[PDB]
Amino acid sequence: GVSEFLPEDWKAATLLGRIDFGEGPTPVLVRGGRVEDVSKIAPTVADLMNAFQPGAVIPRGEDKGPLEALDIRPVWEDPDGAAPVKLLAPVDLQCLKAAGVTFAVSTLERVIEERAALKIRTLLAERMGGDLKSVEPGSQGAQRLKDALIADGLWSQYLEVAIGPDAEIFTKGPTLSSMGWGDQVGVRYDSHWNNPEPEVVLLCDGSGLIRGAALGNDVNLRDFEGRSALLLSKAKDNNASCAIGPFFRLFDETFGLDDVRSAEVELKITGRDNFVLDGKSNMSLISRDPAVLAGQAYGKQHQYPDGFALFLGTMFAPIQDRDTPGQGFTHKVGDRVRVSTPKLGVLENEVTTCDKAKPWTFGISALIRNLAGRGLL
């Protein structure tokens, strides 16, 4: 049932991804509902995006047939990889970047209620020259709001990246390490409070231009980050802690950045203990425009010659109790996490611990050897 995780209009869409048909990772385009092996046009997705800039026609690759006819299976139904065809993460050589704390109104309010409320929002809004829900990060209004927050003793390093001029942008994981649709993702076995983060992921080419978008799960360990923000990397970057997919949807007549900007991202978590968590949260509340976030990651002071993928952040808060009252959500082995939006489909993974997930073994040199052996270089 490969159709259940594609966008409802996928046959009218342009998808860009990676599939192993049995010889190794192959960049594919899906157009008219049919898969095209484009490896002879460009041997990687990063190379394809660099070879064909926006507005250029991408030629046809070799026909692999209707995507729904490929026997693709997820790990929880095919634990041993018996399937003849394996869908992969749609990234290969791109750097994996991630923004965080991009929904500021959420952050601000959560601090005002931790203190309580209606009375605190008066002064902050009057000093800002405006309602908090209109906060513009990096503005002069945000600057006066910062100084008012400092004067109240409510300021924090998190509000700095919420409303200051610089967004929080970090490296989510090493190149070639992402999980894809239908893979296991890993939380550290020594983390006790962790959660998914349902996100939209931008595809950017080697010229810093936004080409398309996919779904992402930024697997997150709250107990590490909460002990120290200097453990951010350890909270975000472990074996199988990144999932992107199922495909990147490229911008065309049917789909553009404006569709990303108004995308409703849904999250569902299902456990064997019969725990269920559901929730939806709209990209229109993001406090920094996706094109602005791309322009902070890429510019005169940082380039990315193979391109980069960019997680745009989330406003989902893992506060729903599971077993321990007041301590919020945490994963258990075998949880199924679905991240979905209508124009991009469904990214679904199974949760295990980083030591039980398959280790990351296929790195840059493994790809090079594989592509060399197939005559694709």
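Residue numbers run from 1 along the displayed sequence.
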In the entry, residues of the deposited sequence missing between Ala82 and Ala83 amount to none
Looking only at CA atoms, which has the higher mean B factor in the entry: 312-320 or 50-58?
312-320
Please compare 157-165 with 277-285 and say which has the higher mean C-alpha temperature factor in the record.
277-285
Among the choices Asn194, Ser233, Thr175, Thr122, identify the one whose CA B-factor in the record is greatest.
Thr122
Quick one: which of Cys242, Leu145, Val91, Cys204 shows the highest Cα temperature factor in the PDB entry?
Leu145
Going by the entry, which third of its chain does the Cα temperature factor of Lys11 land in?
highest
Sort the modelled residues of this chain by their C-alpha B factor and say whether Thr270 lands in the lowest, middle or highest third.
highest
According to the PDB entry, is the CA B factor of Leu87 in the bottom, middle or top third of its chain, that is, lowest, middle or highest?
middle
So, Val187's CA B-factor, relative to its chain, sits in which third? The middle
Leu108: C-alpha B-factor third of its chain, per the entry, is the highest
